[PDB]
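Have a look below at one chain only, the form deposited in one PDB entry, in structure tokens format.
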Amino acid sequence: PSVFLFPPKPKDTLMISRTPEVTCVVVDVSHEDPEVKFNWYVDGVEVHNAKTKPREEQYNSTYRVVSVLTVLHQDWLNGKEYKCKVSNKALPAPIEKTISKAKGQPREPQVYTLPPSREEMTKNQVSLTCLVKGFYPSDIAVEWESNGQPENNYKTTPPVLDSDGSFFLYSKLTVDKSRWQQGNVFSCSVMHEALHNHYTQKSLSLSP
């Protein structure tokens, strides 16, 4: 009976309206004995606002069981540690796992939008590029929007270690050449802990 501990999603830790959650999912719990207790700790203290979802049989007839702990944005961003502690009857030792935010002095990313190259204008789909460089540590969120809705067709590289010890990444958003040619404005939104309000937005549109 083995444990997996998942951290809150970056964007949930960065925007205070959202709810960051730490997840403790126990997998491979027998029919034999299947009951399982969850106790949660922040810097070694007992918390009791965990919402635990009932046992779930897979096809592996083996049961999965999830305890979700809601956390405070500042506690996570300040580096506090979260331990999940699981008590099954199916092994003597109640067994445990910790996580916390990755360490490192925050570095503020620079965000730059780049129009498509003139060679791509022969195609009827074109690429809009968002470059995010100089950030540390690497937990980040990047998204594209237009006129207040999210834009589907994009993909973001994973962070890449630059020469100066900071990270960079690129996000490519693909759109119809027509929408670009009509002067539609597209925004790159970036969320990172070293930004003011943890948020910035840079716009991009067909220039005159």
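Sequential numbering from 1, following the sequence displayed. So that the term is clear: the rigid core is the largest set of C-alpha atoms that superpose within 1.5 Å between two forms.
Taking the mean C-alpha B-factor of each stretch as recorded, 92-100 and 122-130 are not equal, and the higher mean is that of 92-100. Stretches 36-44 and 148-156 differ in mean CA B factor, with 36-44 having the higher one.
Comparing C-alpha B-factors across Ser171, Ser166, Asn49, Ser67 in the deposited entry, the largest value falls on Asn49.
Per the PDB entry, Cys84 shows the highest C-alpha temperature factor of the residues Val71, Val111, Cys84, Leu114.
When the CA B factors of the chain's modelled residues are split into thirds, the value for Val29 lands in the highest one.
Sort the chain's modelled residues by C-alpha temperature factor and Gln201 lands in the lowest third, per the entry. Ranked within its chain, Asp139 lands in the middle third, by CA B factor from the PDB record.
Another form, the form deposited with a partner chain bound, is not on view; read the next lines as being about it.
At a distance threshold of 4.5 angstroms between non-hydrogen atoms, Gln105 is out of contact with the partner chain in the deposited complex. Contact check for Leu14: a non-hydrogen atom falls within 4.5 Å of the partner chain in the deposited complex. Proximity of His73 to the partner chain in the deposited complex falls within the 4.5 Å heavy atom cutoff. Residue contact with the partner chain in the deposited complex: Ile99 places no heavy atom within 4.5 Å of it. In the core-superposed comparison between this form and the one not shown, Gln181 has its Cα shifted by less than 2 Å. With the core held fixed between this form and the one not shown, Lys103 has its Cα displaced by under 2 Å. After superposing the rigid core, the C-alpha of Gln125 moves by 2 Å or more between this form and the one not shown.
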